[PDB]
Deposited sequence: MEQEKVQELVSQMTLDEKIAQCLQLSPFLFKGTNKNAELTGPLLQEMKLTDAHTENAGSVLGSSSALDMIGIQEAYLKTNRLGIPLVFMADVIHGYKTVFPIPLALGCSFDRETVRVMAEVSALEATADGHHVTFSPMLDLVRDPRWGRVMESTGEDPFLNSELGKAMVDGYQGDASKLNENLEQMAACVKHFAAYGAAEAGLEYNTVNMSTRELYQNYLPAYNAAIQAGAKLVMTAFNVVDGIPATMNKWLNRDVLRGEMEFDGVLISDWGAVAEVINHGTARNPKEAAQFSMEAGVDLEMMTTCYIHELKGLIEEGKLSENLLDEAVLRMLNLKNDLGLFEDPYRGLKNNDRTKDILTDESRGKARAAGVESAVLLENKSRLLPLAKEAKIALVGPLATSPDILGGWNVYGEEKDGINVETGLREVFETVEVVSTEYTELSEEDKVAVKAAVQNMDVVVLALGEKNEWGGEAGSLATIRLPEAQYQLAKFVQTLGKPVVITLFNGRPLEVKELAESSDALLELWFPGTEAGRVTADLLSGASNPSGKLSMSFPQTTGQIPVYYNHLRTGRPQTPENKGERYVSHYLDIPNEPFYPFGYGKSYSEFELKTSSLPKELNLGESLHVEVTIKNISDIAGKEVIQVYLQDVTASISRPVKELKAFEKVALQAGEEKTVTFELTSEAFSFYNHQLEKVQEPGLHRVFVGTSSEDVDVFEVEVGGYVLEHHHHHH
């Protein structure tokens, strides 16, 4: 409908109606839900909720289905005074029913289009099952693989997360202004604002702390890119930011998000995060919690009752301006309108035919093959011949747990396990399945026997997803020790070994790499994992992923990341072995596998056209890269361009990723791609918080990982374009 009528609806609301609009609830607390009705009484009573609260609640999160949604919205609109429909939100993180690779894997794709296809397919399916909003993209920069939630981030690099973050939003929302029309798309909600993934000790919900300059330089860029690209919501974070819980952080949310970033959409709290400021000890009680969170501009309280029970009193005693509430309600209604819920509360609703199609599955498969990373492949063991005799052993041989974490809707019975997968392709396969956390003598005899018959071992190891995701912090980033022992065992059997590793985080893999001939990191590919796995092993697909997060030498190296500072005593090749340089006595400084590292069955040669020696301030560097696949085999490479600022008023990272592109090349084929490094890429935040460019020398690095690069020099100065 029209803006003016929305502005009117605010006018016509009671105070209690407005307060309730700022509440969000689980489906089974509304009249007319069709699942979990036997939890409605107990919980309603514990939250001290009444019919007036539930009949005016702003939103719903975690509807179980299209049918669940319809019954609730049909029932709500029957008893709702002014006919303000519910907005319905859900966690569509990496697939709705067609599960795609976990976002950390998606980052390893280094492939913008894959990310967009994933979100688009996800929206297709979610909108079809009644949901208006996904709580995705998750844009927290991660440098600490102990934290279970690294699985939701696209890795340790702000640029890559920024790009892929834009692709996710584009994919879910398409045209952000036609969400009232395009009902196969949905609102995206950026999370978690901000800096959540710097939790101390990878410990869930734990303290985050960093200088403001570093917050802007590295932790904010991606939330900003998604926002600037039209993301409709932002969700707050659980952590403090500089001492102050993000949910009630006024500078962060008013000054930075609404001020600097110009975000005039709904700001939703994370689950309980409004009331939990009480636990952080920056609010004495639910009254204070609500006052400070409203002051901060949190418009939608997620499944707690601070606003519901306390805003009226705050407004009547003049502790809190009613305009703030008014503005918050106005944002909620603008959201609903943008989704066309004033014309159609059922947002297009039967669409079952669209869920879990064969075209969608093929896409998830394509995502999986794009995202897997080949870490080792000694003496061309991979790809395997289709008639190769295979002992498939390990806990991931038959396990149905290949969908990854934050899979709220996808069903394991629709999944393709590794056995099924492999059997579709290779004729001879013998399988000895083993426990995730044990290695018995009986297992070893069975494995001995399966291996002796066969020609090659596919050793499938991995985590259960429940060992990652939210509140899945591992102090030690290792598989259960039994799996390292199973690899040591299997290696003694005389036969060639592939390890197909399934997980949600960087792990200590040195032992795995040292005990096998090849190692293929599939992360958690989703619904089609088995076939992703088979197509890569068989060569039907050629591995092309690159690591979007560093793989540490050991737990004690964390945090280790490619974009690191030099220090005053950097280790060089000409000071190696000296005592008084930055190093460890017991491990290398280098991570075991670095950012941008990945292998292929193909082989490539790159050359960079001549670049200018000199450059003006404000001027863009145009980089031209010619790349040839010099091998019999078709496949993709990921060209990567980095910049270093050799000298600056702040110590600058030795490298920073400024551009990348995945390039498909047939056997023999050659191509040219060109990048624009605009002058922003030469910029940084200074000691005073200004975004600035300084004349001086930069190095440009073109290559195929953060470490395989040719290096060029460029001098910036003169005048400003």
- request: Walk along the deposited sequence from position 1 and note every stretch that has no C-alpha coordinates.
  value: 350-352, 725-731
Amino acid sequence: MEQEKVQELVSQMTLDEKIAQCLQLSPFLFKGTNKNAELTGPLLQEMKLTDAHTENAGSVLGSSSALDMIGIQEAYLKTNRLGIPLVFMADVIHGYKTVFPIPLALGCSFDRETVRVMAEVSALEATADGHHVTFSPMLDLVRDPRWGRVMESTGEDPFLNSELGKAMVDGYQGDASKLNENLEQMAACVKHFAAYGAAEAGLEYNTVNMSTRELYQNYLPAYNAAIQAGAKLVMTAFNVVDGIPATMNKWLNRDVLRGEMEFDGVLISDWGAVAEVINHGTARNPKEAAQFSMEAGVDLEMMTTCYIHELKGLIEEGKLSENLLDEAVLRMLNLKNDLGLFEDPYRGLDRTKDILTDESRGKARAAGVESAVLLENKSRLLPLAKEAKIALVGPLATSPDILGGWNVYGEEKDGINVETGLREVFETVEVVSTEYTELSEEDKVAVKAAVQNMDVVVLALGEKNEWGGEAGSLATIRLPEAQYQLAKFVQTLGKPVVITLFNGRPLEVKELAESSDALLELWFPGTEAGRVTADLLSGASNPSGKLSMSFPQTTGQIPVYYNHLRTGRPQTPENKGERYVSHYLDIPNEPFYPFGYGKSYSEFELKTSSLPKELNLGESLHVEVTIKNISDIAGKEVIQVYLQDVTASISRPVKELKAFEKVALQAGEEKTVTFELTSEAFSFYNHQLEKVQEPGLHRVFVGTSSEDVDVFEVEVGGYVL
From here on, numbers count along this sequence of modelled residues.
message: Tell me whether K35 turns out to be unmodelled in at least a third of the other entries of this protein, restricted to those that model residues on both sides.
response: yes
query: At least a third of the other compared entries: do they leave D350 without coordinates?
result: yes
- prompt: According to the deposited model, is the average Cα temperature factor higher in 70-78 or in 578-586?
  reply: 70-78
- prompt: Out of 30-38 and 663-671, which one has CA B-factors that are higher on average in the deposited record?
  reply: 30-38
field: Selection by C-alpha B-factor (highest) of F342, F292, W523, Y597
entry: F342
- prompt: Which is it among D455, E370, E619, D157: the one with the largest CA B-factor in the entry?
  reply: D455
Entry-reported Cα temperature factor of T608, expressed as the chain third it lands in: middle
query: Mind checking which third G230 falls in for C-alpha B-factor across the chain?
result: middle
field: Record-listed C-alpha B factor of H280: chain third
entry: lowest
message: Please say which third, lowest, middle or highest, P653 falls into when its CA temperature factor is compared across its chain.
response: lowest
- request: Ordered by C-alpha B-factor within the chain, which third holds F489? Give me lowest, middle or highest, please.
  value: middle
